[PDB]
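Just one chain is shown here, as structure tokens, and it is the form deposited in one PDB entry.
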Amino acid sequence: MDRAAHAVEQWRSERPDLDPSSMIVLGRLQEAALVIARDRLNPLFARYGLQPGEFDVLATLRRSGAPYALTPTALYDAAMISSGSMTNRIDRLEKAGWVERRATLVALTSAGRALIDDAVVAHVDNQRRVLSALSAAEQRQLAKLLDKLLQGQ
């Protein structure tokens, strides 16, 4: 038993008036997102000098196509993840030499483009190893369920 199943077992024992079933799926959802970010994805980003949020900004600019320049609002809408604190994240990226503010647009520098071109290859390799315990059909299956859960929000 993992954290979530052990906790439901205890709750069923302590609060039999409760139906704690929903705790399994959502406890595993949040634990899986946390452990994968903390122990798998973020270490790789740190090897490139990046926080995960900073990777997303650079990746979003790169995949928007040349000249890799978006308004901060277009940047948020196109991001992989809808996290906050973006303005200071852009500030950091400009100070590091990876983005540039132009007219208002946020654009990759050449150094930033080279960095994310390098990092995204290592990232996807990292992701495949993260997912390798699931078969192809299991990954498609997990993506369909997460899509339905997400739209339900």
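For the two forms, the rigid core is made up of the largest set of C-alpha atoms that agree within 1.5 Å on superposition. Sequential numbering from 1, following the sequence displayed.
- [ ] Output the stretch having the higher mean C-alpha B factor in the entry; the candidates are 30 to 38 and 87 to 95.
- [x] That would be 87 to 95.
- [ ] Return the residue from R63, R101, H123, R113 that has the highest Cα B-factor in the entry.
- [x] The record points to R101.
TODO: Could you tell me which third, lowest, middle or highest, the C-alpha B-factor of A107 occupies within its chain?
DONE: Within its chain, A107 is a middle-third residue by C-alpha B-factor, going by the deposited values.
Task: CA B-factor placement of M23, once the chain's modelled residues are sorted into thirds - done: As the PDB entry reports it, the C-alpha B-factor of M23 lands in the middle third of its chain.
TODO: Just say lowest, middle or highest third for the CA B-factor of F45 relative to the other modelled residues in its chain.
DONE: Middle third, going by the recorded CA B-factors of the chain.
Open item on the list: Lowest, middle or highest third: which one holds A136 when the chain's residues are ordered by CA B-factor from the entry?
Closed with: Tercile = highest for this residue's CA B-factor.
TODO: Could you say whether, by C-alpha temperature factor, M1 belongs to the lowest, middle or highest third of its chain?
DONE: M1: CA B-factor falls in the highest third of its chain.
The protein also exists as the form deposited in another entry; that form is not presented, and the subsequent description refers to it.
Task: From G84, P67, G49, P43, residue displaced between this form and the one not shown - CA threshold 2 Å or more, rigid core - done: Comparing both forms, the shifted residue turns out to be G84.
- [ ] Might you say whether the CA atoms of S82 and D91 end up closer or farther apart in that other deposited form than in this form? Their distance differs by 3 Å or more.
- [x] Relative to the shown form, the pair is closer.
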